[PDB]
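Have a look at the structure below, then the notes.
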Amino acid sequence: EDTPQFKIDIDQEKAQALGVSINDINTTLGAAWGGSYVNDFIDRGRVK
Amino acid sequence: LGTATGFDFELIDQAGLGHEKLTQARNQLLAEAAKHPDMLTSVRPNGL
């Protein structure tokens, strides 16, 4: 069933006025709240 | 089908031991193999 969701609107004009890039906004929001797969490392011999 | 005389054995790291520990265990087996020349001949790594 449909559920409540949190709609956030980025204000493009204010961002441009402040000199903050939309990519930084979206990465910051998504990385923090959603998580982000950066790259791989080796845990006891296995790539993870 | 390449060489058909012989055996073709694979020694395996089953517990994330790593390269050095696996080489030591290889040497252990090759050294024990050399003590039985009545049963085993030319027991050697196929590697570098």
Side-chain angles (χ1 to χ4, degrees):
Chain A
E1 300 308 315
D2 290 3
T3 63
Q5 46 189 46
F6 184 83
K7 178 75 191 193
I8 181 162
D9 289 307
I10 304 306
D11 190 79
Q12 291 288 340
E13 182 171 5
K14 186 53 84 192
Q16 292 182 22
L18 287 161
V20 320
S21 90
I22 304 299
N23 286 162
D24 286 354
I25 290 172
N26 289 324
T27 289
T28 296
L29 176 65
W33 292 78
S36 178
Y37 176 21
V38 181
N39 61 11
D40 302 318
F41 81 112
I42 313 290
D43 178 36
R44 293 167 278 138
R46 178 178 176 95
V47 60
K48 292 183 191 179
Chain B
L1 80 186
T3 322
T5 200
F7 60 73
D8 198 346
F9 180 96
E10 292 287 350
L11 192 77
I12 297 171
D13 172 14
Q14 308 264 8
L17 295 183
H19 181 63
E20 293 64 24
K21 300 270 194 77
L22 189 63
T23 316
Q24 286 150 13
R26 182 205 55 180
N27 296 337
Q28 193 172 311
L29 180 73
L30 292 168
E32 280 295 311
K35 297 177 178 62
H36 292 76
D38 57 296
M39 191 63 81
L40 306 174
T41 317
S42 293
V43 180
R44 60 204 153 100
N46 189 37
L48 304 184

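Heavy-atom basis, side chains included; hydrogens, waters and symmetry copies ignored. Throughout, a chain's letter reflects where its sequence line sits, starting with A, and its residues are numbered from 1.
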Does [X] reach the side chain of [Y], with side-chain heavy atoms less than 4.5 Å apart?
{"X": "B/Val43", "Y": "B/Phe9", "value": "no"}
{"X": "B/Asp8", "Y": "B/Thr3", "value": "no"}
{"X": "A/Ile22", "Y": "A/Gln12", "value": "yes"}
{"X": "A/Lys14", "Y": "A/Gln16", "value": "no"}

Under 3.5 Å, sequence neighbours excluded: what are the donor-acceptor pairs made by side chains of residues 17-32 of chain B?
{"residue": "B/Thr23", "atom": "OG1", "partner": "B/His19", "partner atom": "O", "Å": "2.8"}
{"residue": "B/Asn27", "atom": "ND2", "partner": "B/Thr23", "partner atom": "O", "Å": "3.4"}

Could you grab the distance from atom [atom1] of [X] to atom [atom2] of [Y], nearest 0.5 Å is fine?
{"X": "B/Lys35", "Y": "B/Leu40", "atom1": "NZ", "atom2": "CG", "answer": "12.0 Å"}
{"X": "B/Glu10", "Y": "B/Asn46", "atom1": "CD", "atom2": "CG", "answer": "8.5 Å"}
{"X": "A/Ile8", "Y": "A/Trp33", "atom1": "CD1", "atom2": "CH2", "answer": "8.5 Å"}

Following the transitive rule for hydrophobic clusters with a side-chain heavy-atom cut-off under 4.5 Å over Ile, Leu, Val, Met, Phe, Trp and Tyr, establish whether [X] and [Y] coincide in one cluster.
{"X": "A/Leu29", "Y": "A/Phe6", "value": "yes"}
{"X": "B/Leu11", "Y": "B/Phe7", "value": "yes"}
{"X": "A/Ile10", "Y": "A/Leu18", "value": "yes"}

Backbone N/O of A/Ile25 and side chain of A/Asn23: donor-acceptor pair under 3.5 Å = no
Give a yes or no on whether B/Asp38 atom CG has more than 12 heavy-atom contacts from other residues, nucleotides or ligands under 6.0 Å away.
-> yes
With sequence neighbours excluded, residues passing salt bridge (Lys or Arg N to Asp or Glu O under 4.0 Å) with A/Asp24 = none
